[PDB]
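Worksheet: the structure to be examined is printed underneath.
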Amino acid sequence: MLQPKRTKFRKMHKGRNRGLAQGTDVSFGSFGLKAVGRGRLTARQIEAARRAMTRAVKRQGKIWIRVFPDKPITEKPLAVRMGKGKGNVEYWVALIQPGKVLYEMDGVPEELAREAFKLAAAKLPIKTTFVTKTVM
Amino acid sequence: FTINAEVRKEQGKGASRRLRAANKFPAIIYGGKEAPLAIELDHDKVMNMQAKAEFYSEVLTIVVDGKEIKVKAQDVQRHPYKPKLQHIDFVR
Amino acid sequence: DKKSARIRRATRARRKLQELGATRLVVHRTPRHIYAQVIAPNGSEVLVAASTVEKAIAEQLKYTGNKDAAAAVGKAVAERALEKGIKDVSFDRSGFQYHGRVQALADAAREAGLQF
Amino acid sequence: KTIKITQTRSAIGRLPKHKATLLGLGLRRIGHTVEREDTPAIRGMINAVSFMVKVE
Amino acid sequence: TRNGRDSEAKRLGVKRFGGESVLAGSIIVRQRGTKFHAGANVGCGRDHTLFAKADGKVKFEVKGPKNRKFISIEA
RNA sequence: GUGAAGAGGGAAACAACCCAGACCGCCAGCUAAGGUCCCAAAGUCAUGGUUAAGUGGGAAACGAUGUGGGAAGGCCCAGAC
RNA sequence: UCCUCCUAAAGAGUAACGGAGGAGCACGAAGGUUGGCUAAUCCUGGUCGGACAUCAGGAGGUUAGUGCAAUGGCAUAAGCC
RNA sequence: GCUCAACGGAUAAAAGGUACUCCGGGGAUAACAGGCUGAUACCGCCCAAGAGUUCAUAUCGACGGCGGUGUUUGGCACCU
RNA sequence: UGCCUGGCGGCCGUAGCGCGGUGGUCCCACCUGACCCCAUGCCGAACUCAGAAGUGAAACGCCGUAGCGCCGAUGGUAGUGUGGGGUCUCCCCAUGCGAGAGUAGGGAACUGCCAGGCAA
Ligand SMILES: [Mg+2]
Ligand SMILES: [Mg+2]
Ligand SMILES: [Mg+2]
Ligand SMILES: [Mg+2]
Ligand SMILES: [Mg+2]
Ligand SMILES: [Mg+2]
Ligand SMILES: [Mg+2]
Ligand SMILES: [Mg+2]
Ligand SMILES: [Mg+2]
Ligand SMILES: [Mg+2]
Ligand SMILES: [Mg+2]
Ligand SMILES: [Mg+2]
Ligand SMILES: [Mg+2]
Ligand SMILES: [Mg+2]
Ligand SMILES: [Mg+2]
Ligand SMILES: [Mg+2]
Ligand SMILES: [Mg+2]
Ligand SMILES: [Mg+2]
Ligand SMILES: [Mg+2]
Ligand SMILES: [Mg+2]
Ligand SMILES: [Mg+2]
Ligand SMILES: [Mg+2]
Ligand SMILES: [Mg+2]
Ligand SMILES: [Mg+2]
Ligand SMILES: [Mg+2]
Ligand SMILES: [Mg+2]
Ligand SMILES: [Mg+2]
Ligand SMILES: [Mg+2]
Ligand SMILES: [Mg+2]
Ligand SMILES: [Mg+2]
Ligand SMILES: [Mg+2]
Ligand SMILES: [Mg+2]
Ligand SMILES: [Mg+2]
Ligand SMILES: [Mg+2]
Ligand SMILES: [Mg+2]
Ligand SMILES: [Mg+2]
Ligand SMILES: [Mg+2]
Ligand SMILES: [Mg+2]
Ligand SMILES: [Mg+2]
Ligand SMILES: [Mg+2]
Ligand SMILES: [Mg+2]
Ligand SMILES: [Mg+2]
Ligand SMILES: [Mg+2]
Ligand SMILES: [Mg+2]
Ligand SMILES: [Mg+2]
Ligand SMILES: [Mg+2]
Ligand SMILES: [Mg+2]
Ligand SMILES: [Mg+2]
Ligand SMILES: [Mg+2]
Ligand SMILES: [Mg+2]
Ligand SMILES: [Mg+2]
Ligand SMILES: [Mg+2]
Ligand SMILES: [Mg+2]
Ligand SMILES: [Mg+2]
Ligand SMILES: [Mg+2]
Ligand SMILES: [Mg+2]
Ligand SMILES: [Mg+2]
Ligand SMILES: [Mg+2]
Ligand SMILES: [Mg+2]
Ligand SMILES: [Mg+2]
Ligand SMILES: [Mg+2]
Ligand SMILES: [Mg+2]
Ligand SMILES: [Mg+2]
Ligand SMILES: [Mg+2]
Ligand SMILES: [Mg+2]
Ligand SMILES: [Mg+2]
Ligand SMILES: [Mg+2]
Ligand SMILES: [Mg+2]
Ligand SMILES: [Mg+2]
Ligand SMILES: [Mg+2]
Ligand SMILES: [Mg+2]
Ligand SMILES: [Mg+2]
Ligand SMILES: [Mg+2]
Ligand SMILES: [Mg+2]
Ligand SMILES: [Mg+2]
Ligand SMILES: [Mg+2]
Ligand SMILES: [Mg+2]
Ligand SMILES: [Mg+2]
Ligand SMILES: [Mg+2]
Ligand SMILES: [Mg+2]
Ligand SMILES: [Mg+2]
Ligand SMILES: [Mg+2]
Ligand SMILES: [Mg+2]
C-alpha cells in the first residue's frame, strides 16, 4: 500500500480540492487513464486498481502510476465526542482534480489497454476515460 | 491542409468563452519581423485535422482576409478532460 | 585575488561615510605610484585630484613610490583643496592599513592645512 | 454637461460601499431621477452600482 | 492533546507607507530582521526598527547589488 | 447581508432565503420579486423546435438497436450490408 | 504566564481541549570599539593515520555559523579572530 | 525580599463526604424519549482475480467502488 | 576628437558564467631584497617598508563566440472584485481586472567626474 516514507508533519489540514489538473499530457507510456471527475483516491484504491490492470495485461507491458497520496487523512474513533484533539491518521489520499492522468501503459495493443483500464476504472470512485499519447 | 479563419476583435476571458462555446476557438499567428495576428477559427475542422501526424510537423497555409499565411503549429492547449482544443500557437 | 579582498575591506568605511554626507579624500596606493582625490558628498564628481603619476609632481622627486613621495602628493592635494575652498573633509584610507605611505600622505595633508 | 441617473432597485441587501455610492450620487429612494454633471468620477460611481441604476 | 499554545502577536509591519509625510522620529517599519534597510535620513534601532531621522515624506527604494529594499526620506 | 429590533408581496404553510424598508387617509394609476387553465388577480397569447417518462413533480456508481440534433469515418452499378 | 511558525482569507488584528516547537536564562568577555579574516562537504597526495585528528593544493560557493526553540535577518558581515 | 507559575497577584494562613440532605435557578447543561445527521450498523447494487472434474456470473465471489433505510453503536444539545 | 589605462560612482545578471583569442610605450600585476617603520598567535604567504634585473605566465583589462544563466511579448489559460444563476463539496454567466509557466524572440551590457599616455 502506497504511503510517504517519512513526512515533515503528521497531520495535514483538510483543504479544498479545486481547479483543474496539471498532469494532463500522457508523458511516459503510450496509453493512459485520465480522470474526468473530481475527487480523491485512497492508497487502497490505487493498489486495488493497479492489481486489476497488472493482472489483466499479464507479465507483459509496462505500467506507470502518476498519482501518489502524500496527504494523511485523520479519522476519529467510534463513540468519541467532538473536540479533545485532532484525530489520528488512518489512510492516505491523493487529491484528484479533473484532467489528471492517473495511470499510463506501454507495450501492449490499443484494444487490451482499454479492456484492462476498464477493470481499473471500475475500482476507482472517480469517473475516468481512456487517452492516447498524441505527439505534441 | 488549408485552414480558413477570421480576425479577432474582442479578446480576453469573456470573448474567448463566448467564442469557445460557438463551435470555434481562438488562435494566434506570429513570426519574423512582423507583428502578431490574433485568429478566430472553426473547431470541428481543426479537431479532425489534428488526427493526422503531419499536422504537427508540415507547413499549413491559413487563409485570412484573402491572404494565405504559411505557418507551423508550435504549441497547443488541450481541454483538460473533454477531447477538444482550446488554443493553438502558429509559428511563422 | 587580493583586489576584491581589499575592496570589501574598505566598503564599510565608504558606505558609512556616504551616509554621513561628508567630502571624502580617497587614496589609492600602488607599489609604483600613489594616488589621491577629494570627492564631493554626492560621491560621483571629483573636486580635487593629485598623484605621483602627474608630471607636475613626478619631475621634482627621485622615486614615485615611497614615504617622501607620498608626502609630496599629501601636500599637493591639500594645497589645491584650499584653493578650491575645501577644508573640512574625511579620509577614506580605502582598505590600505593606516601605517606607512598613506600615513605619510595623511600627516602631510594635515600639516599642509586640510582639516580632519 | 449633465446626465440623468435613476435608481431602479432597493438599497437594502447591499454592501456599505454600495449604500455609500448612492449617497455620493444623491439617490435616496428607488425611482428618483437625479441629474449630475458628467465627469470620469460620476461614471465611476455609476459603473460601481450599475446593477441598480439607469442612465438617460 | 499535547500542544495548544501561542504567543501574543507583535504588531509588526509597515506603519508609514511610501508618500506619507512623517515627523522627525516617526517609526516607518517595525520588523524582526532587516527586511527593509535604512537609507537616507532613516535610522535603525537595536530592535531593527526603521525610524525617521528628519521631517519629510517616506520613500521606498530598490537598490544595491543584492537588490535590497531600502527606506529613504526626502524633504 | 438579514433577523434579533422590520411589518408588506413571493418561496403551499416557513424569524434568518428572493423582492422591498409601514407618518396617516383614499373603493386611483405604474412596476419588483414572483406569476398569468380552475382553487385565486392576470396570456387555453404568437413564432421554431424538444419530451411519450406523468419526466416535469427527490438520488449515485453502472447498465441498454429510448429518442433528437450535429461533426466525421467504413462500400457499391466490377451490384457491399 | 512569556517567545516562534501555520491556521490568519498578500497592512495590523483574529478563535477552537486546532497543528508543531521553545523560555523561567547565559556572558566581565559571549559587551565596547578598532584592525583583520571566510565558511560546508568532497576530490587527490602524504609518516604512524584508518571513512574521519593535523598538512598541501584543487572543487563548491553560505548547503555553514549565529550561547539556547522557531521565524525574519546578516560578506559593509550581525560570522570567526 | 514571592515557581504570589490558577503567572492583572481574593487571605500571611485552608482538604474531603452527603444515597440523610436542603434552598435558589437552568432545558443557558447531562441521563429517557423526540429532532438534525448517517462515521458505524443493516439492506441492496457495480467491476471479475479465483473456487466449482472442464466452464467467472447454478451457488459463490477476493482486491476495490456506489447507493438506500433510519431497525444498531454514535455525534450534535434544537424541545421538555 | 578618437584610441587605451587608473581611481571614484550611477545602474544592479539584456549587466553573470564557461570556452576562443589578445595587451605591456607609460599604467597595473606579479617580481627584486629585508639595519629600519610595521608584521606572523610558525612563515616578508599576508600586512609593511626600500627598490627597478625580468615577464604579461597567473591575475587583470579588452575584443569574439549562444554552451548555460538572465530578459521576454502577443494570444490563450488559471485566479478573482461586483450583480446574477445552477445539476450548488463544485462550477457557470454578464461586466472590470488579469497572472504564473510556457512560446516567438531579445541577449556577451550601458553611462557619468577628474587623472595619466599615445594619434592629433
Ligand atoms: Mg487552508
Ligand atoms: Mg493543486
Ligand atoms: Mg459509555
Ligand atoms: Mg480583459
Ligand atoms: Mg468572469
Ligand atoms: Mg599587493
Ligand atoms: Mg444598516
Ligand atoms: Mg485525550
Ligand atoms: Mg485557551
Ligand atoms: Mg492568537
Ligand atoms: Mg505569531
Ligand atoms: Mg504571526
Ligand atoms: Mg542607538
Ligand atoms: Mg449578496
Ligand atoms: Mg418579514
Ligand atoms: Mg413572507
Ligand atoms: Mg405568505
Ligand atoms: Mg415555486
Ligand atoms: Mg424561485
Ligand atoms: Mg416550501
Ligand atoms: Mg407551488
Ligand atoms: Mg399564502
Ligand atoms: Mg424559510
Ligand atoms: Mg419609512
Ligand atoms: Mg401594470
Ligand atoms: Mg417579471
Ligand atoms: Mg396570492
Ligand atoms: Mg383568473
Ligand atoms: Mg426541473
Ligand atoms: Mg454505461
Ligand atoms: Mg441509446
Ligand atoms: Mg493574559
Ligand atoms: Mg498571516
Ligand atoms: Mg487580509
Ligand atoms: Mg495579517
Ligand atoms: Mg473572537
Ligand atoms: Mg487558541
Ligand atoms: Mg512547554
Ligand atoms: Mg555574539
Ligand atoms: Mg570590523
Ligand atoms: Mg543555515
Ligand atoms: Mg537558527
Ligand atoms: Mg552594530
Ligand atoms: Mg560582536
Ligand atoms: Mg519577606
Ligand atoms: Mg494557585
Ligand atoms: Mg487567578
Ligand atoms: Mg490561592
Ligand atoms: Mg488570571
Ligand atoms: Mg484573582
Ligand atoms: Mg495573596
Ligand atoms: Mg438521589
Ligand atoms: Mg439537612
Ligand atoms: Mg432541614
Ligand atoms: Mg430544587
Ligand atoms: Mg438545550
Ligand atoms: Mg454555558
Ligand atoms: Mg441509551
Ligand atoms: Mg437524546
Ligand atoms: Mg437521512
Ligand atoms: Mg453474483
Ligand atoms: Mg461468503
Ligand atoms: Mg467477503
Ligand atoms: Mg449552540
Ligand atoms: Mg414543542
Ligand atoms: Mg564558477
Ligand atoms: Mg613580494
Ligand atoms: Mg593569458
Ligand atoms: Mg570582464
Ligand atoms: Mg577595440
Ligand atoms: Mg564589448
Ligand atoms: Mg522572466
Ligand atoms: Mg510573462
Ligand atoms: Mg496575456
Ligand atoms: Mg458575488
Ligand atoms: Mg455568487
Ligand atoms: Mg433567473
Ligand atoms: Mg432536472
Ligand atoms: Mg449558492
Ligand atoms: Mg504548465
Ligand atoms: Mg549578438
Ligand atoms: Mg551575456
Ligand atoms: Mg566575457
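Ordered as shown in the C-alpha cells, chains take letters A, B, and onward, while each chain numbers its residues from 1 and ligands are numbered from 1 in the order shown.
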Got a sec: who's within 10 Å of residue E:2, counting only C-alpha atoms (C1' of nucleotides), leaving out chain neighbours fewer than 2 positions off, as a PDB file with C-alpha atoms (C1' of nucleotides), in the first residue's frame?
ATOM      1  CA  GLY A  85      -7.743  16.877  19.751  1.00  0.00           C
TER       2      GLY A  85
ATOM      3  CA  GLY E   4      -2.349  24.392  22.340  1.00  0.00           C
ATOM      4  CA  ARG E   5      -0.026  27.357  22.976  1.00  0.00           C
TER       5      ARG E   5
ATOM      6  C1'   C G  17      -9.457  20.633  24.598  1.00  0.00           C
TER       7        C G  17
END
Within 9 Å of chain C, which residues of chain E show up when using only C-alpha atoms, listed as a JSON list (two decimals) with N, CA, C and O atoms, in the first residue's frame?
[["chain", "number", "residue", "atom", "x", "y", "z"],
["E", 39, "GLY", "N", 17.95, 53.73, 4.56],
["E", 39, "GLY", "CA", 18.52, 54.59, 3.53],
["E", 39, "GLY", "C", 18.83, 55.99, 4.05],
["E", 39, "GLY", "O", 19.36, 56.14, 5.15],
["E", 40, "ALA", "N", 18.48, 57.01, 3.26],
["E", 40, "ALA", "CA", 18.81, 58.40, 3.58],
["E", 40, "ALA", "C", 17.86, 59.01, 4.61],
["E", 40, "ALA", "O", 16.64, 58.94, 4.44],
["E", 41, "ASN", "N", 18.43, 59.61, 5.66],
["E", 41, "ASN", "CA", 17.68, 60.23, 6.77],
["E", 41, "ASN", "C", 16.76, 59.28, 7.55],
["E", 41, "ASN", "O", 15.77, 59.71, 8.15]]
Could you name the residues that touch residue B:62 at 6 Å or less, counting only C-alpha atoms (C1' of nucleotides), but leaving out those on the same chain fewer than 2 positions away, as a list in words?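 The residues satisfying every condition are residues 2, 3, 4, 68 and 69 of chain B.
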Any idea which chain A residues end up within 12 Å of chain H if we count only C-alpha atoms (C1' of nucleotides), as number ranges by chain please? A: 1, 41-56, 58, 75-83, 115-127
Using only C-alpha atoms and all ligand atoms, find each residue in chain B having at least one atom no more than 12 Å away from ligand 5; report its shortest atom-to-atom pair and that distance in Å (one decimal), rows by chain then rising number, as CSV.
residue,atom,partner,partner_atom_place_in_ligand_line,distance
B:12,CA,ligand 5,1 (Mg),9.9
B:13,CA,ligand 5,1 (Mg),6.8
B:14,CA,ligand 5,1 (Mg),6.3
B:15,CA,ligand 5,1 (Mg),10.2
B:16,CA,ligand 5,1 (Mg),10.9
B:17,CA,ligand 5,1 (Mg),9.5
B:18,CA,ligand 5,1 (Mg),11.4
Tell me, as a list in words, which residues lie within 10 Å of residue B:87, counting only C-alpha atoms (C1' of nucleotides); anything in the same chain fewer than 4 positions away does not count.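 Residues meeting the cut-off are residues 16, 20, 24, 25, 26, 27, 28, 40, 41, 43, 75, 76, 77, 78 and 79 of chain B; 75, 76 and 77 of chain I.
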If you run DSSP on this backbone, which residues of stretch 14-47 of chain E come out as strand (DSSP E or B), and could you give them as a list in words? residues 14, 21, 22, 27, 28, 29, 30, 36, 37, 38 and 42 of chain E
Output for the residues just chosen: C-alpha atoms as a JSON list (two decimals), in the first residue's frame:
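Result file is again-v1.json:
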[["chain", "number", "residue", "atom", "x", "y", "z"],
["E", 14, "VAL", "CA", 4.97, 48.94, 7.63],
["E", 21, "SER", "CA", 4.62, 62.77, 5.40],
["E", 22, "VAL", "CA", 6.25, 61.80, 8.71],
["E", 27, "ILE", "CA", 8.50, 54.83, 13.10],
["E", 28, "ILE", "CA", 8.22, 53.69, 9.48],
["E", 29, "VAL", "CA", 8.64, 49.90, 9.79],
["E", 30, "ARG", "CA", 8.53, 47.64, 12.85],
["E", 36, "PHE", "CA", 13.96, 46.68, 4.61],
["E", 37, "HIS", "CA", 17.18, 48.68, 5.15],
["E", 38, "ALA", "CA", 17.92, 52.18, 6.44],
["E", 42, "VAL", "CA", 16.37, 56.95, 8.26]]
What residues of the protein or nucleic acid chains come within 10 Å of ligand 27 when you use only C-alpha atoms (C1' of nucleotides) and all ligand atoms? Reply as a list in words. residues 9, 10, 35, 40 and 41 of chain F
Ligand 26: which residues are within 9 Å, counting only C-alpha atoms (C1' of nucleotides) and all ligand atoms? Reply as a PyMOL selection string. chain F and resi 32-35
Write the residues you've just listed into a file as a PDB file, in the first residue's frame, and include N, CA, C and O atoms (P, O5', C5', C4', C3', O3' and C1' of nucleotides) for each of them.
ATOM      1  P     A F  32     -41.604  44.573 -13.283  1.00  0.00           P
ATOM      2  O5'   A F  32     -40.969  44.698 -11.826  1.00  0.00           O
ATOM      3  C5'   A F  32     -39.578  45.031 -11.641  1.00  0.00           C
ATOM      4  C4'   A F  32     -39.125  44.685 -10.241  1.00  0.00           C
ATOM      5  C3'   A F  32     -39.150  43.205  -9.869  1.00  0.00           C
ATOM      6  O3'   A F  32     -37.969  42.545 -10.320  1.00  0.00           O
ATOM      7  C1'   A F  32     -40.097  44.494  -8.117  1.00  0.00           C
ATOM      8  P     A F  33     -38.051  41.301 -11.334  1.00  0.00           P
ATOM      9  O5'   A F  33     -38.166  40.045 -10.361  1.00  0.00           O
ATOM     10  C5'   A F  33     -37.079  39.681  -9.490  1.00  0.00           C
ATOM     11  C4'   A F  33     -37.605  39.246  -8.142  1.00  0.00           C
ATOM     12  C3'   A F  33     -38.380  37.934  -8.108  1.00  0.00           C
ATOM     13  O3'   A F  33     -37.527  36.793  -8.114  1.00  0.00           O
ATOM     14  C1'   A F  33     -39.548  39.570  -6.866  1.00  0.00           C
ATOM     15  P     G F  34     -37.634  35.715  -9.298  1.00  0.00           P
ATOM     16  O5'   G F  34     -39.146  35.222  -9.204  1.00  0.00           O
ATOM     17  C5'   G F  34     -39.582  34.381  -8.120  1.00  0.00           C
ATOM     18  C4'   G F  34     -41.070  34.521  -7.895  1.00  0.00           C
ATOM     19  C3'   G F  34     -41.970  33.836  -8.910  1.00  0.00           C
ATOM     20  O3'   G F  34     -42.078  32.437  -8.658  1.00  0.00           O
ATOM     21  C1'   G F  34     -42.789  36.015  -8.458  1.00  0.00           C
ATOM     22  P     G F  35     -42.592  31.446  -9.812  1.00  0.00           P
ATOM     23  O5'   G F  35     -44.132  31.829  -9.947  1.00  0.00           O
ATOM     24  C5'   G F  35     -44.808  31.842 -11.219  1.00  0.00           C
ATOM     25  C4'   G F  35     -46.013  32.748 -11.145  1.00  0.00           C
ATOM     26  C3'   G F  35     -47.004  32.636 -12.290  1.00  0.00           C
ATOM     27  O3'   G F  35     -47.903  31.551 -12.058  1.00  0.00           O
ATOM     28  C1'   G F  35     -46.552  34.923 -11.832  1.00  0.00           C
TER      29        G F  35
END
Within 12 Å of ligand 79 (only C-alpha atoms (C1' of nucleotides) and all ligand atoms), residues as a list in words: residues 17 of chain F; 84, 85, 86, 88, 90, 91 and 92 of chain I
Distance in Å - atom CA of residue C:78 versus atom CA of residue C:50: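 Separating atom CA of residue C:78 from atom CA of residue C:50 is a distance of 9.5 Å.
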Residues within 9 Å of ligand 75 should be enumerated using only C-alpha atoms (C1' of nucleotides) and all ligand atoms and returned as a PDB file with C-alpha atoms (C1' of nucleotides), in the first residue's frame.
ATOM      1  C1'   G I  81     -13.896  42.440  -7.485  1.00  0.00           C
ATOM      2  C1'   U I  82     -19.206  43.312  -8.276  1.00  0.00           C
ATOM      3  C1'   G I  83     -24.708  41.682  -9.729  1.00  0.00           C
ATOM      4  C1'   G I  84     -26.883  37.076 -11.139  1.00  0.00           C
TER       5        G I  84
END
Please return as a ChimeraX atom specification the residues found within 10 Å of ligand 22, counting only C-alpha atoms (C1' of nucleotides) and all ligand atoms. /F:10-13
Polymer residues at most 12 Å from residue G:20, only C-alpha atoms (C1' of nucleotides), same-chain spacing of 4 or more positions, as an MDAnalysis selection string: (chainID A and resid 8:12) or (chainID E and resid 2:6) or (chainID G and resid 4:7 69:70)
With N, CA, C and O atoms (P, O5', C5', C4', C3', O3' and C1' of nucleotides) retained, write the just-selected residues as a PDB file, in the first residue's frame.
ATOM      1  N   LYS A   8       7.250  15.669   6.720  1.00  0.00           N
ATOM      2  CA  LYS A   8       7.546  16.824   7.573  1.00  0.00           C
ATOM      3  C   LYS A   8       6.617  16.850   8.785  1.00  0.00           C
ATOM      4  O   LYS A   8       7.079  16.923   9.927  1.00  0.00           O
ATOM      5  N   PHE A   9       5.314  16.790   8.514  1.00  0.00           N
ATOM      6  CA  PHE A   9       4.277  16.832   9.546  1.00  0.00           C
ATOM      7  C   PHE A   9       3.354  15.620   9.457  1.00  0.00           C
ATOM      8  O   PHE A   9       3.127  15.073   8.374  1.00  0.00           O
ATOM      9  N   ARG A  10       2.818  15.221  10.609  1.00  0.00           N
ATOM     10  CA  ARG A  10       1.985  14.023  10.722  1.00  0.00           C
ATOM     11  C   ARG A  10       0.570  14.247  10.204  1.00  0.00           C
ATOM     12  O   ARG A  10       0.048  13.420   9.459  1.00  0.00           O
ATOM     13  N   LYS A  11      -0.037  15.364  10.605  1.00  0.00           N
ATOM     14  CA  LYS A  11      -1.446  15.651  10.328  1.00  0.00           C
ATOM     15  C   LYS A  11      -1.600  16.942   9.529  1.00  0.00           C
ATOM     16  O   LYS A  11      -1.196  18.012   9.988  1.00  0.00           O
ATOM     17  N   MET A  12      -2.193  16.830   8.338  1.00  0.00           N
ATOM     18  CA  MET A  12      -2.371  17.959   7.420  1.00  0.00           C
ATOM     19  C   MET A  12      -3.786  18.527   7.527  1.00  0.00           C
ATOM     20  O   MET A  12      -4.703  17.835   7.978  1.00  0.00           O
TER      21      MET A  12
ATOM     22  N   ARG E   2      -1.544  17.458  23.191  1.00  0.00           N
ATOM     23  CA  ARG E   2      -0.187  17.789  23.641  1.00  0.00           C
ATOM     24  C   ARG E   2       0.105  19.289  23.567  1.00  0.00           C
ATOM     25  O   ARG E   2       0.656  19.860  24.510  1.00  0.00           O
ATOM     26  N   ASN E   3      -0.275  19.916  22.452  1.00  0.00           N
ATOM     27  CA  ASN E   3       0.030  21.335  22.189  1.00  0.00           C
ATOM     28  C   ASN E   3      -1.133  22.263  22.631  1.00  0.00           C
ATOM     29  O   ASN E   3      -1.841  21.925  23.583  1.00  0.00           O
ATOM     30  N   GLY E   4      -1.323  23.410  21.970  1.00  0.00           N
ATOM     31  CA  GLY E   4      -2.349  24.392  22.340  1.00  0.00           C
ATOM     32  C   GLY E   4      -1.782  25.625  23.022  1.00  0.00           C
ATOM     33  O   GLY E   4      -2.343  26.102  24.012  1.00  0.00           O
ATOM     34  N   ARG E   5      -0.670  26.135  22.490  1.00  0.00           N
ATOM     35  CA  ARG E   5      -0.026  27.357  22.976  1.00  0.00           C
ATOM     36  C   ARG E   5       0.294  28.259  21.791  1.00  0.00           C
ATOM     37  O   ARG E   5       0.564  27.770  20.690  1.00  0.00           O
ATOM     38  N   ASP E   6       0.271  29.568  22.023  1.00  0.00           N
ATOM     39  CA  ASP E   6       0.646  30.546  21.000  1.00  0.00           C
ATOM     40  C   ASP E   6       0.957  31.897  21.639  1.00  0.00           C
ATOM     41  O   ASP E   6       0.280  32.314  22.582  1.00  0.00           O
TER      42      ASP E   6
ATOM     43  P     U G   4       7.075  36.402  19.237  1.00  0.00           P
ATOM     44  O5'   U G   4       7.484  35.032  18.539  1.00  0.00           O
ATOM     45  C5'   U G   4       8.764  34.895  17.899  1.00  0.00           C
ATOM     46  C4'   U G   4       8.849  33.598  17.134  1.00  0.00           C
ATOM     47  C3'   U G   4       7.673  33.244  16.241  1.00  0.00           C
ATOM     48  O3'   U G   4       7.641  34.046  15.065  1.00  0.00           O
ATOM     49  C1'   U G   4       8.389  31.318  17.398  1.00  0.00           C
ATOM     50  P     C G   5       6.240  34.490  14.411  1.00  0.00           P
ATOM     51  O5'   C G   5       5.890  33.269  13.452  1.00  0.00           O
ATOM     52  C5'   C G   5       6.845  32.787  12.491  1.00  0.00           C
ATOM     53  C4'   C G   5       6.469  31.409  11.998  1.00  0.00           C
ATOM     54  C3'   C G   5       5.023  31.193  11.595  1.00  0.00           C
ATOM     55  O3'   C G   5       4.780  31.824  10.343  1.00  0.00           O
ATOM     56  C1'   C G   5       5.744  29.363  12.887  1.00  0.00           C
ATOM     57  P     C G   6       3.425  32.644  10.093  1.00  0.00           P
ATOM     58  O5'   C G   6       2.392  31.495   9.711  1.00  0.00           O
ATOM     59  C5'   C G   6       2.686  30.583   8.640  1.00  0.00           C
ATOM     60  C4'   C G   6       1.856  29.333   8.775  1.00  0.00           C
ATOM     61  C3'   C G   6       0.353  29.535   8.779  1.00  0.00           C
ATOM     62  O3'   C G   6      -0.133  29.703   7.450  1.00  0.00           O
ATOM     63  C1'   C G   6       0.969  27.979  10.464  1.00  0.00           C
ATOM     64  P     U G   7      -1.345  30.705   7.153  1.00  0.00           P
ATOM     65  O5'   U G   7      -2.549  30.062   7.975  1.00  0.00           O
ATOM     66  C5'   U G   7      -3.137  28.813   7.568  1.00  0.00           C
ATOM     67  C4'   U G   7      -4.078  28.284   8.628  1.00  0.00           C
ATOM     68  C3'   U G   7      -5.230  29.197   9.015  1.00  0.00           C
ATOM     69  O3'   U G   7      -6.279  29.093   8.056  1.00  0.00           O
ATOM     70  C1'   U G   7      -4.237  28.290  10.970  1.00  0.00           C
ATOM     71  P     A G  69      18.073  25.388  20.359  1.00  0.00           P
ATOM     72  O5'   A G  69      16.825  25.330  19.368  1.00  0.00           O
ATOM     73  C5'   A G  69      15.814  24.308  19.465  1.00  0.00           C
ATOM     74  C4'   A G  69      14.432  24.918  19.395  1.00  0.00           C
ATOM     75  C3'   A G  69      14.072  25.657  18.111  1.00  0.00           C
ATOM     76  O3'   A G  69      13.708  24.739  17.080  1.00  0.00           O
ATOM     77  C1'   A G  69      13.301  26.874  20.001  1.00  0.00           C
ATOM     78  P     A G  70      14.479  24.726  15.664  1.00  0.00           P
ATOM     79  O5'   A G  70      13.600  25.704  14.765  1.00  0.00           O
ATOM     80  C5'   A G  70      12.224  25.402  14.460  1.00  0.00           C
ATOM     81  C4'   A G  70      11.373  26.650  14.524  1.00  0.00           C
ATOM     82  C3'   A G  70      11.696  27.741  13.510  1.00  0.00           C
ATOM     83  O3'   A G  70      11.114  27.443  12.243  1.00  0.00           O
ATOM     84  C1'   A G  70      11.459  28.711  15.650  1.00  0.00           C
TER      85        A G  70
END
Counting only C-alpha atoms (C1' of nucleotides) and all ligand atoms, name the residues that have an atom within 12 Å of an atom of ligand 15; the answer should be given as a VMD selection string. chain F and resid 2 to 3 6 to 10 14 to 22
